[PDB]
Amino acid sequence: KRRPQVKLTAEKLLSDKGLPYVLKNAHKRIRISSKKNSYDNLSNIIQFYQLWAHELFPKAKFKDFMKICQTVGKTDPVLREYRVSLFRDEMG
Amino acid sequence: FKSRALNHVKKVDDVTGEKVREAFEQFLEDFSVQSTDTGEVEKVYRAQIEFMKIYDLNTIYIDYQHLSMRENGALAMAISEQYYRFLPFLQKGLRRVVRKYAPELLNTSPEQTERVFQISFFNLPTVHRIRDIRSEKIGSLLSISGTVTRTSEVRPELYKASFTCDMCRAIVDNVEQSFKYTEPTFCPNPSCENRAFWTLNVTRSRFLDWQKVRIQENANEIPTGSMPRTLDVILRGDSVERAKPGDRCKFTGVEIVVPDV
Amino acid sequence: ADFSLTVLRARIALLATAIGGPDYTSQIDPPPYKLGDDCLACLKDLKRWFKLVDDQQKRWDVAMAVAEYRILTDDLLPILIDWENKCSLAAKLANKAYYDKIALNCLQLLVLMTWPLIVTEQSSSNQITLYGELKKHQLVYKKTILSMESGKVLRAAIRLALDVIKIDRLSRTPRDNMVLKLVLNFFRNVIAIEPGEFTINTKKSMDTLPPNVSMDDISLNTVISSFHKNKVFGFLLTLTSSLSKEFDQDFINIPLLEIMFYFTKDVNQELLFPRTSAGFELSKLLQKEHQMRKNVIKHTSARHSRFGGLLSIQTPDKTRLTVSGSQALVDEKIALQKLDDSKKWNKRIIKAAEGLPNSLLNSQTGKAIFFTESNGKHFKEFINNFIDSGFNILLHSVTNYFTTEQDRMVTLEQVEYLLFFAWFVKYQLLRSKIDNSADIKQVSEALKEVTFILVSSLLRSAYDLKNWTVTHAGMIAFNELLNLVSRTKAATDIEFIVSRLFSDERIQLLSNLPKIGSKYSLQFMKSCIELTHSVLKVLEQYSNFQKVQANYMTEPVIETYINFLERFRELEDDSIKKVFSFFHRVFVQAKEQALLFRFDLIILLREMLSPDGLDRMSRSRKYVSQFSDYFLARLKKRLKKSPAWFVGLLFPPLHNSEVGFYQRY
Amino acid sequence: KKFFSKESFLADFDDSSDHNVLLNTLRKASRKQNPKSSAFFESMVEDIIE
Amino acid sequence: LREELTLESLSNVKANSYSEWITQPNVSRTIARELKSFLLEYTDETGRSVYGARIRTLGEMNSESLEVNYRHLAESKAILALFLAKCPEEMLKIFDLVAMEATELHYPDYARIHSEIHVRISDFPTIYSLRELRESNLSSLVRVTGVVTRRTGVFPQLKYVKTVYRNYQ
DNA sequence: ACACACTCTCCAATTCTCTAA
Ligand SMILES: [Zn+2]
């Protein structure tokens, strides 16, 4: 056979390298200010998400990363279990 | 069969070109200078078109001063700085006016092919030396002077081409050349796939007259301790064989860039 | 066989000379043509070659033969024009029947050869083979017919009509009425022939104007000039306006619909109203060109392309990247963008309409067609007199036909009706917006109850069977009716009509419609948006409302709005005003903030708001920056109150009962 | 309001109100222009006679 | 196929170009009949048919080239002269195939002496130097004068692409 | 034999459609 293709998958997201890093650091990473423009602060938010997306899975263009995430995010039950777990933690 | 239309084909269009086209149209209509002797509108460019009709000519001469004073000069600026972009639109503008006032000129018995009009300009503001040609001015409108040193014989240049397939009875028409001899990409009949063995139909295709000439700097203009530079110039249409070796001439046109074919 | 084929071609060629010829005694250099004999049989047999053979075998070979021997251009036009000019001189003074017989039968062939072309999966392989070439020859036909003596054959065709206008309807035999159908059937073709559409067999993934044809020969501009000089517009105007008085409506009023479609098609109404001028706007456009040039310059390095050094960028966790070029040294935004731009893949992509001629339904209409001044004023005069004279009487007849015949319809007649309605209603609204001499009463037949039912029924039936092109046109027609209603309410029965228009069933349909738009072409989504704006604005001025607005707000509508909004480089200034009006409605008024916290919106606002996209001084930036400020304020508040939304922002919202309620609020 | 009636239109419809040398030479000549072949056969038969 | 045109019917070029009109079978047959009728019939003022007298001497010298004066061809059947000036490469093929019929009328079995005859045109009524030639002259017949500067040796050349050759220089 | 240009083929990745809980 030819070599099988490599893809983004929920296992990467649920890995310790994955989504927990964002929740462990996002409060410290991003910072808005009224003292800078909308365009300024708006640009700032995307920095962290871009660098994190590269570190996670360098295949593809940033937009493609988001739009790929939509499919697995809506379909996989284990990922959804993790997400309802987050919002239960806030219900705790 | 899996027949399919190019549903998506609707093209992108340059608004500046269409506006320049139908502004140059109005200039040709109504430049409306008064008579040399009296305060009466004469409309010289319409008269020049009528003159061309009388003698079956193919070229029209325009004065850059007349264009400079038109519509606060913006039209003259667009023509001056971006001649290579706007030359087809100027041709389209003139074709309509000649149709309107002298449709006998549109053709060159069986059917008669269309006349390839030539626009010409003169009395530009300043003349450059061969030593002043610099790559920042590529594609602009200029005028140059020097002494002729060589001329080539007149040769036919392929302008528009037409081909027919060997493996099936099919024809391709109005193929566009630019700098190298160029041929079709597919057999248009889907019953055949042969790309080879095209032949150029010399009757249906169209040619132009072409001549190469070579010039060098005027001796009285050479700077201190230096020697004269040279340049190659292209002549086409009704201006071939006008130049003579050893004479002094003034030229106008656009400078271009030619590849390694 | 090939020899049988050429035998028929030769038979035709001999018939192409038995017809007659000009006179070489004449010493008149040249004279006109001169007439043969058996020529009745010649014309009749040619008619048989079309009907009895080519139609029965489904070929178009016979048409190829007559095009080879140039019959139309060479004989038919001078036979007709000589008949016309002879009878004209006789009328100036103020067997002959046989001459008139020849005039009739030449015209009927002109209709046949210029008849427009249709291709399907049931057309013969012969026709499919010949489609592309006969297109070229019909283009030649259009140019020629408009050219001869500045178009004088068109006076022959209307003189034929004038014979049958002449004497009372009470006398007029069925054979007689066919002439009055035939003449109008001719002008439809002459307007309908236009430059070809390229088509190929999809076996492998890898212009059609002939050498004697050009655009100015073929443009709609030309056709206006040609009809005006040759006295057509008076005929269409007189004939349509006295239509109610006992001309048998049945024979005329569909052909006479198709004309009005076939040259309203490809005009934007604003081009007919102005709202040195050409030179002034050209200079302004050159300023815009300079701004684009400035944008390129701001991304251009000072020193040359081989001077360039090398750059390294270090992340958190001490890992390093490499990028080249001299601007990357100073601009991190550019370095970040340039870094991702190298990467190869793009996800491959998905794609609604076929079978009918180019129109508003499947082309970008931000592209005018161009008029002489005399043409502009003559066209304005023709349709203005049409509207003030003919429109109500035409619509009343054609609509009370179609209610009795809806089941039998074909896709084209549906798309004609819906794009004749739309054009004329909009143009009148615009004209009276401009000036007080105009009035809205002129188009007022559209509102009465029968037509409202019919536009509704077309939209209904088209939607259910998933026919998306009729659904698209019906969307355009139903938009205008609502627009006209809001006009008239800004001045009795109209409220009754509203209440019936906004029964619950229709709200289900009109709510449903933007949701499916996400898949389809850029026009479809734009129709959905403009209809939605109108639909909500009427019900705002009804005063029910809270039920209806909550019906609209959900994920699959928002998806469509963003998917449309990101192609803003192609769209108008006005449409973006409409989109942000809707986001103001979702975000501020309804207070359903949770829909828009989704990442591909946040990307979009950077692109569009950057020095990249929307101009620094267009009115759009006022709205956009005023929106984003408020957006990010509310987002700040939400994120600090509940940090889980950092992982929320990537994904759709979560539809579980127990956690989802707190999630959304 | 307009009307554009029939009877007006019928009434108004009618009342309203160098190879350049050689080519011409040959065209005009073309427009202007067994016993006949006996001279040929006579030249053939003179070989028999002489 | 069977029917033929009149000479007056050829006054109107009916196709989109000259070459595509000459090459049609009925037109070509008409031209062939007319050329043969000219060659068998043209006379001096004294009668004394010149071409019957030239074909006679063609065999007397065992020759291969028949010579035709252009003025004679322009003096009657003028349209054929016009077509010859416009499309020589077609017209001369038809004219050669007529000349063989005319020569075999004098000398049957001349095909055993030479298989094919060439018509030579003389006294073409317009002249250019090597200055005045332009792209419009392409594929037209021309008449030119000058000095012969250089000459190659004679070689054989393959005639058809069993084999046949011809001389070349 | 050593880089290239071009052709051919198979296989699995992807999206679309139907069914039942
Ligand atoms: Zn082919």
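Here Cβ is always computed from backbone atoms with ideal geometry, including for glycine, and neighbour counts include all displayed protein chains. What is reported rests on the model, the rules as stated and the sources as named; these are not laboratory values.
Please specify each residue of the range C:294-330 satisfying the condition of being assigned to a helix (DSSP H, G or I), surrounded by 10 or more Cβ atoms within 10 Å (Cβ to Cβ) and under 49 Å from the mean Cα position of the chain (by Cα). Listed by number, the list holds a single entry, C:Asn295. Selection within the range C:358-372: residues that are in contact with a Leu (Cβ under 9 Å, 6 or more places away or on another chain) and assigned to a loop (DSSP other than H, G, I, E, B). The member of this set that is nearest to C:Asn467 (Cα to Cα) is C:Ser359. More than 8 Å from every other protein chain (Cβ to nearest Cβ), surrounded by fewer than 16 Cβ atoms within 10 Å (Cβ to Cβ) and not in a loop (DSSP other than H, G, I, E, B): does that describe E:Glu4? No; evaluated as a whole, the condition is false for this residue.
Among residues of the range B:153-177 that are over 25 Å from C:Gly132 (Cα atoms), those with a beta-carbon under 6 Å from a residue that is away from DNA strand F (no atom under 16 Å from the Cβ) and of a type in the set (S, T, N, Q) at least six positions away or on a different chain give the pairs B:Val154/B:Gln211; B:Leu158/B:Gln177. Taking the criterion of being within 16 Å of DNA strand F (Cβ to nearest atom) and assigned to a loop (DSSP other than H, G, I, E, B), the residues of the range A:1-31 that qualify are A:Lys1, A:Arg2, A:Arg3, A:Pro4, A:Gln5, A:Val6, A:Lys7, A:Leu8, A:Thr9.
Residues that are within 16 Å of DNA strand F (Cβ to nearest atom): find the helices (runs of 4 or more DSSP H) completely inside the range C:479-577 holding 3 or more of those. Talk me through it step by step, then tell me what you get.
Numbers: elements: C:493-501, C:504-516, C:522-541, C:545-552, C:555-565.
Hits in the range C:479-577: C:555-565.
Can you spot a residue in the range B:54-69 that is under 15 Å from B:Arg95 (Cβ atoms), among the β-branched types (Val, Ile, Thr) and within 14 Å of chain C (Cβ to nearest Cβ)? The answer is no; no qualifying residue exists. Check whether at least one residue in the range B:91-111 is outside the structural domain of B:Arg242 (by CATH) and within 16 Å of the ligand (Cβ to nearest atom), and report yes or no. Taking every residue of the range B:91-111 in turn, none turns out to be outside the structural domain of B:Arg242 (by CATH) and within 16 Å of the ligand (Cβ to nearest atom).
Are any of the residues in the range B:138-154 more than 16 Å from DNA strand F (Cβ to nearest atom) and within 11 Å of another protein chain (Cβ to nearest Cβ)? Give the steps one after another, and end with the answer.
Quick first cut of the range B:138-154, residues more than 16 Å from DNA strand F (Cβ to nearest atom) only: B:138-154.
Filter again for within 11 Å of another protein chain (Cβ to nearest Cβ), leaving B:153-154.
So far as the range B:138-154 goes, yes, one or more of its residues are more than 16 Å from DNA strand F (Cβ to nearest atom) and within 11 Å of another protein chain (Cβ to nearest Cβ).
Across the range C:583-625, the number of residues qualifying as part of a helix (DSSP H, G or I) and of a type in the set (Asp, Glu) comes to 2.
Sub-8 Å Cβ pairs linking a first residue in the range B:185-203 that is more than 8 Å from chain C (Cβ to nearest Cβ) to a second residue that is within 16 Å of DNA strand F (Cβ to nearest atom) and among the acidic types (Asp, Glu), at least 6 apart or interchain, are B:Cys187/B:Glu193; B:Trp198/B:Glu183, ordered by first then second residue. Among the criteria (1) more than 16 Å from the ligand (Cβ to nearest atom); (2) within 14 Å of chain C (Cβ to nearest Cβ); (3) touching a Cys at 6+ places or on another chain (Cβ under 7 Å), the one B:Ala243 does not fulfil is (2). Within the range C:85-108, the residues that satisfy the criterion of being of a type in the set (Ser, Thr, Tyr) and within 18 Å of C:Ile19 (Cβ to Cβ) are C:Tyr98, C:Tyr99. Within the range D:12-27, if we keep just the residues that are more than 8 Å from chain E (Cβ to nearest Cβ) and of a type in the set (A, V, I, L, M, F, W, C), the residue that is farthest from E:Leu80 (Cα to Cα) turns out to be D:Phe13.
Considering only residues in the range C:584-632 that are aliphatic (A, V, I, L, M) and loosely packed, with under 14 Cβ neighbours inside 10 Å, the one that is nearest to the chain's Cα centre (by Cα) turns out to be C:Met617.
Looking at the range A:27-34, can you tell me whether even one residue there is surrounded by 14 or more Cβ atoms within 10 Å (Cβ to Cβ) and within 7 Å of another protein chain (Cβ to nearest Cβ)?
Start the filter on the range A:27-34 by keeping residues that are surrounded by 14 or more Cβ atoms within 10 Å (Cβ to Cβ), which leaves A:29-30, A:32.
From the residues that got through so far, the ones that are within 7 Å of another protein chain (Cβ to nearest Cβ) too are A:32.
Yes, the conditions are met somewhere in the range A:27-34.
Just checking, which of C:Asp75, C:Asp54, C:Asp82 is buried (at least 16 other Cβ atoms within 10 Å of the Cβ), in contact with a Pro (Cβ under 6 Å, 6 or more places away or on another chain) and in a helix (DSSP H, G or I)? So that I can check it myself, show each step before the final result.
On the way: C:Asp75 fails: in contact with a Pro (Cβ under 6 Å, 6 or more places away or on another chain); C:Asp54 fails: in contact with a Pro (Cβ under 6 Å, 6 or more places away or on another chain).
Every option except C:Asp82 fails the conditions.
Cβ-Cβ distances below 9 Å connect the following pairs, each with a first residue in the range A:51-74 that is more than 9 Å from chain C (Cβ to nearest Cβ) and within 13 Å of DNA strand F (Cβ to nearest atom), a second residue that is of a type in the set (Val, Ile, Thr) and assigned to a helix (DSSP H, G or I), and a separation of six or more residues or different chains: A:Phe57/A:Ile68. Residues in the range C:429-443 that are small (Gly, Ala, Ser) and either touching a helix residue (DSSP H, G or I) at 6+ places or on another chain (Cβ under 7 Å) or surrounded by 18 or more Cβ atoms within 10 Å (Cβ to Cβ) (or both): C:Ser432, C:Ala438. Set side by side, the residues B:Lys180, B:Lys160 differ, and just one is within 16 Å of DNA strand F (Cβ to nearest atom) and among the basic types (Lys, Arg), which is B:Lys180.
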